[PDB]
Amino acid sequence: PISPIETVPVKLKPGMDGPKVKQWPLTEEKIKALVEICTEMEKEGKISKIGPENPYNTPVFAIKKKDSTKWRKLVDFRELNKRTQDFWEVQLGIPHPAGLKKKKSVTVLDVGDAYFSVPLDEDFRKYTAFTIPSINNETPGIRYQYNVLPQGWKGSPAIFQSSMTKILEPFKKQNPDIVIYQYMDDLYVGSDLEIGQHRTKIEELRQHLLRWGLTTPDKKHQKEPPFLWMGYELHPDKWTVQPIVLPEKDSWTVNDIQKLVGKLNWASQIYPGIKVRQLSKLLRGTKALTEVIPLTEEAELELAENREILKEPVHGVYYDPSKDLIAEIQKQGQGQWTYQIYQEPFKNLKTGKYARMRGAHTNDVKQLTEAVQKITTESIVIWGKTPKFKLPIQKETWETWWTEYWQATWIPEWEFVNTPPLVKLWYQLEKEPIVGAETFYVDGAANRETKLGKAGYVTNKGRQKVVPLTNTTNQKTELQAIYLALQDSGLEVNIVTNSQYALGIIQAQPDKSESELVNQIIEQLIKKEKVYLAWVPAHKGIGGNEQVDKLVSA
Amino acid sequence: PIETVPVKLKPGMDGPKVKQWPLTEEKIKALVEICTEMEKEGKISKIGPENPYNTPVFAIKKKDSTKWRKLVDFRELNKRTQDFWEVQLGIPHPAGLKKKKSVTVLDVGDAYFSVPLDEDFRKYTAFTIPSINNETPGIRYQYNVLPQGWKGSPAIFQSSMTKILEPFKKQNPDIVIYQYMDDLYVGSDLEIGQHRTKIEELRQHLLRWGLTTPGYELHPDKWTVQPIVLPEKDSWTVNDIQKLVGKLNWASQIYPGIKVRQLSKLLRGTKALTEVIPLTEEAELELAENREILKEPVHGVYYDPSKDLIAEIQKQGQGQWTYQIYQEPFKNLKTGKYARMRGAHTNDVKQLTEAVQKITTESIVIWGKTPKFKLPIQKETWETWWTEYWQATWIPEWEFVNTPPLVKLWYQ
DNA sequence: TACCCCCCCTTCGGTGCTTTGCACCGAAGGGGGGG
Ligand SMILES: Cc1cn([C@@H]2C[C@@H](O)[C@H](COP(=O)(O)OP(=O)(O)OP(=O)(O)O)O2)c(=O)[nH]c1=O
Ligand SMILES: OC[C@H]1O[C@@](CO)(O[C@H]2O[C@H](CO)[C@@H](O)[C@H](O)[C@H]2O)[C@@H](O)[C@@H]1O
Ligand SMILES: [Ca+2]
Ligand SMILES: [N+]
């Protein structure tokens, strides 16, 4: 045979042999287009005949190339991949057009039979053994071994990406001012050279790739904008995603909403204000992917206004390293947030959203902090720097939060923007007891077996209450005891509890909770003007805690 | 052209497979420039994806360094080479290092590039350099010499190090020298002027053996512990005594002599929190005896070299931070408090990073170990900013906790 | 009835402290997207 470029040594997991599984009963309609190109591979040295000396076998099928009449060859290596050594992928992420700098001339080109242009390792070729079917079951079919990277192997992508870089390294060093975005076999080549000199250096690279046996077909070659790259439409000074089609189904299943959710998450990168909360509330706890489920009036409203955003076309701009990065966040309600990253006002680089519900109890300040951290990581990935933040939270509101919180928290260089709705703290626990306010000694208890319990309080003025509770836990009675003292007290109240569980939840100042009992406590805390929470150990003969501990245990 | 010491992982253990986290532009530019010159000098060489192992890498600037310094997160690799740098080529720890009036740290990491590395172990030193906006896939490398930040590196170089130090250890007999990874700790009871002079002598003593030094000044004798203190009030409210009894109840897990029976008697009623409560005779005496027990050292606390060190940190607000170092719960080996550090009153993450660095430095001087930290911070908040403020050549183990302050035990 | 990478949204099951209830997180399956 002939050796084109430098190979990569491959092994198996130690103490294991090759794949020995039988083929699929493939239909003869695909066998016609299969043996066609398969026989053409031997002439080019891509595939070779093997004798019965090779005791391996793996299934083979084929699917059509999307938006094309040509067919793609796939080989099922699932059993081979389970026994093949592990790699470390050199693909760390996906390039985004918002990180592209403006270039005077741009060229995009695809690599014909990419995987099939890289030689496999010599000693490993035997394990790619597979048989080819026929029109009838009489003829056996030639068995082959791969001389190149096959489509369907778990090691083909990583070896191709690394080998492509070693070929492009000499050219990148000879042409330092040329930007080459390498992603699998698609290459984005841009420069500030004149369009005349640009296409000369392009042909210099096409010859450089051809020097190592890499084809650059003209049909895949793109010389004029708008360039179709990574599912985007790259214009000389703007970019946008390729058009997005939303399903027009009258009756929606689970797979329909899932397709709709993913389409909206993809659109949220440039189309501002996409929300998927109410559409995602339909896919919770569902069993069958084919199950039909009706649309709520909330999700019906959400899908309507989301379609109006996709109605008018939007676009993004390119990155200017000389100007600062600005990120502005807006609150959308129900734990939903959106943001726009821009350098010039009203000219967005990209958009996005953060709507993850982290924890059982939280507030708007925590979720804004989590959104800033999501934007920071996203911005460092795309541009390598942290943007300047414009946050809908008062400077003194944030100061009060992070200084009083028991956990360390921080937000980078930011300024306040007066765009409602503003993020605020809905109540503030007093640091010292309140003079003249009634002091409620609360406690609760529940039986592990009976699930019944009591919750009550005793005050310094003689006030008292005990309430029987059904199908409750020890923690719920302690929260319930706090709910009672908030209900039966004035605008200012001192509360003494022994529950570490309840005190830890309330001191973090949440404004939302999965527990409906906690939401009612929050509702009461907002109504109050001064609340003081204190903790004491139980069974120590302390204050009214000993007296109320006796009441809730009888 | 030097013999390579063979290195093997712990029995039944695979190499490190840790993902590379995104890097800023200034750190990627610095790493590309550093890795380029390290390749033309043969210290590293590019590899491919057939290596299934990987270790994170980023860049730092030491305190007032202004020059970038490469740093690899070998924490995962060191846990898988623990058999090497502890049992085999371990280093005894000088108990007198913490007693010197001044200790200086020097970065001797550049000398490890002289000794080659075992060929069978270079497959575990793999690291990947990312690209901005994923313009280029990962460029992977491997170390051909002793890597900076690997715990097996100072153990191999120890034989070469003690020969370079032997002339100066004889010219100055009573000066203590300790080596922890890429750092060299040298302490003396000499005056500040004499101490800094002998450092330069050690710098020139290392220059003629082929090593540069791109110095931190410590004072271990100045370090003070933080004890549990009770307030001084001319009048006590119900809430004051309630917080006090709860604090003494929690403190009873450390000092068993704490009693609360005479302070709980003052709370037997159902009184308002702001109501003033006069102290009885037995309560004043029970409080007086409790203040004395907190003056005593904890009974039966001593360091165990076979146990790991645990470090807890509490944010006290207004720039104050408290910490405790222990091996067993409630058997603290040291307690302390930091204040007015960099980033105070403006940046919580910078203060915590500075606190972790100061605590780890103290643990290396006193015991020669790095503790595992329980950080009062969320995972996503810490993993986003901690690299922007890290100024040390080592990285300790850490986990994240969320313990609300039900009782302010360590600071008033 | 193929492989590899990134993203969000949900479930579920393991973990440890708030404790045998409750809260958290990481793996996993659903989808979108890239080659
Ligand atoms: C879409 C797809 C891509 N690849 C990778 C990307 C490329 O490395 C190579 C196939 O690439 P090619 O066939 O060269 O790409 P192409 O489809 O544009 O075809 P061609 O230029 O001949 O007209 O495998 C798969 O293995 N499975 C897939 O489902
Ligand atoms: O492999 C983890 C190794 O590094 C640390 C801490 O940075 O853990 C890191 O890598 C882990 C990968 O699972 C994650 O915890 C995160 O990347 C990061 O914490 C060490 O604590 C650990 O030994
Ligand atoms: Ca192609
Ligand atoms: N109780």
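Summary of conventions: residues on each chain are numbered from 1 in written sequence order, possibly unlike the entry numbering, and any residue without coordinates is omitted from what is shown. Written order determines the labels here, with chains lettered from A and ligands numbered from 1. Here the side-chain values reflect all heavy atoms present in the structure, with hydrogen atoms and water set aside.

## Re the overall build of chain A
Moving on, step 1. Starting at the N terminus, helices and strands are each numbered in turn, a helix being any DSSP run of H or I of at least four residues and a strand any DSSP run of E of at least two. A count of helices and strands for chain A gives 13 helices and 23 strands.
Moving on, step 2. C-alpha atoms define the radius of gyration in this analysis, and the globule rule sets the expected value at 2.2 Å times the number of residues to the power 0.38. Here chain A has a C-alpha radius of gyration of 33 Å; the compact-globule value for 554 residues is 24 Å, and the former is much larger.
Moving on, step 3. Considered along the principal axes of its C-alpha atoms, chain A spans approximately 100 × 60 × 50 Å.
Moving on, step 4. Summary of the burial criterion: residues with accessible area below 20% of their type's maximum are buried, those above 50% are exposed, and those between are partly exposed, where the area comes from a 1.4 Å probe applied to protein chains only. For chain A, the residues scored as buried account for 50% of the 554 residues in total.
Moving on, step 5. Contacts spanning at least 24 positions in sequence make up 69% of the contacts within chain A whose residues lie at least 6 apart.
Moving on, step 6. Residue-level accessible areas treat just the shown protein chains as cover; the underlying method is Shrake-Rupley with a 1.4 Å probe. Accessible surface, chain A: about 27,500 Å² in total, of which carbon and sulfur atoms supply 52%. Note on contacts: a residue pair is in contact if any heavy atoms of the two residues lie within 4.5 Å.

## A short note on the protein's contact with DNA strand C
All names here are of chain A.
Moving on, step 1. The environment of DNA strand C is made up of 50 residues, and the closest members are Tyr183, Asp185, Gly285, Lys374 and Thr473.
Moving on, step 2. Proximity is defined per residue: if any heavy atom of the residue lies within 4 Å of a molecule or strand, that residue is considered near it. Sugar and phosphate atoms represent 81% of those atoms of DNA strand C found within 4 Å of the protein.
Moving on, step 3. Here a polar contact means two N or O atoms within 3.5 Å. Within protein one must be a hydrogen donor candidate and the other an acceptor candidate, and residues neighboring in sequence count only if both atoms are side-chain atoms. In this structure, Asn255 approaches DNA strand C through a side-chain N or O atom, which is 2.8 Å from a phosphate oxygen.
Moving on, step 4. Contact distances for DNA strand C include 3.3 Å between a phosphate oxygen and a side-chain N or O atom of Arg448.
Moving on, step 5. Those elements that provide at least two residues to the surface near DNA strand C are β3 (71-75), α2 (78-83), α5 (254-267), α10 (474-487) and α11 (500-507).
Moving on, step 6. Per-element accounting of the surface near DNA strand C gives the leading share, seven residues, to α5.
Moving on, step 7. For this classification, the nonpolar set comprises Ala, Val, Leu, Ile, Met, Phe, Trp, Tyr, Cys and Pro, the charged set comprises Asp, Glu, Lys and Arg, and every other residue, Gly included, is treated as polar. For the surface near DNA strand C, the class distribution of residues is 18 nonpolar, 16 polar and 16 charged.

## Thoughts on the site of ligand 1
Residue and element names in this part refer to chain A.
Moving on, step 1. Near ligand 1 you find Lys65, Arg72, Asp110, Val111, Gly112, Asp113, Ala114, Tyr115, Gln151, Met184, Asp185 and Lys220, and these make up its full shell.
Moving on, step 2. Residue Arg72 places a side-chain N or O atom 2.9 Å away from an oxygen atom belonging to ligand 1.
Moving on, step 3. Here an oxygen atom of ligand 1 and a side-chain polar atom of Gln151 are 3.2 Å apart.
Moving on, step 4. Protein coverage of the free-state accessible area of ligand 1, which is 590 Å², stands at 70%.
Moving on, step 5. Residues of the shell around ligand 1, tallied by class, amount to four nonpolar, two polar and six charged.
Moving on, step 6. Both of domain 1 (1-90 + 116-156) and domain 2 (91-115 + 157-225) provide at least three residues apiece to the shell around ligand 1. Domain extents, as shown, originate in an automatic or database domain assignment.

## A look at the environment of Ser102 of chain B
Residue and element names in this part refer to chain B.
Moving on, step 1. With respect to the helices and strands, the residue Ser102 is situated in strand β4 (residues 102-107).
Moving on, step 2. Note on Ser102: relative accessible area 9%, which makes it buried.
Moving on, step 3. Remark: the alpha-carbon pair of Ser102 and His195, spanning 93 residues in sequence, is separated by 7.7 Å.
Moving on, step 4. Residues in contact with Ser102, not counting those within four places in the same chain, are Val186, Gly187, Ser188, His195, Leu218 and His219.

## Focus on the domain arrangement of chain A
By convention, interface size is frequently given as the accessible area that disappears when the constituent parts associate.
Residue and element names in this part refer to chain A.
Moving on, step 1. According to the domain assignment, chain A consists of domain 1 (1-90 + 116-156), domain 2 (91-115 + 157-225), domain 3 (226-319), domain 4 (320-426) and domain 5 (427-554).
Moving on, step 2. Centre-to-centre, using C-alpha coordinates, domain 3 lies 23 Å away from domain 4.
Moving on, step 3. Tallying the contact residues gives 18 residues for domain 3 and 20 residues for domain 4.
Moving on, step 4. Reported buried area values correspond to the accessible surface (1.4 Å probe) lost by two parts on association, with both partners' losses combined. Surface buried jointly by domain 3 and domain 4 totals about 1,500 Å² across both partners, of which 53% is contributed by carbon and sulfur atoms.
Moving on, step 5. When the area that domain 3 buries against domain 4 is broken down by residue, the three leading residues are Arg277, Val317 and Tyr319, summing to 51%.
Moving on, step 6. Any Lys or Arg side-chain nitrogen located within 4 Å of an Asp or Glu carboxyl oxygen qualifies as a salt bridge. In this structure, the connection of domain 3 to domain 4 is made through zero salt bridges.
Moving on, step 7. On the surface where domain 3 and domain 4 come into contact, there are 10 residue pairs in polar contact.

## Focus on the pairing of strand β21 (residues 492-497) of chain A
Residue and element names in this part refer to chain A.
Moving on, step 1. Most of β21 sits out of view: five of its six residues are buried.
Moving on, step 2. Sheet analysis places strand β18 (residues 438-446) next to β21, joined by four bridges and oriented parallel. Across the sheet, the residue bridging to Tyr441 is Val496, located in β21.
Moving on, step 3. A pair of strands is treated as paired once DSSP finds two or more bridges between them. Direction of pairing for β21 relative to strand β23 (residues 530-535): parallel, over a ladder of six bridges. What sits directly across from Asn494, in β23, is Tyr532.

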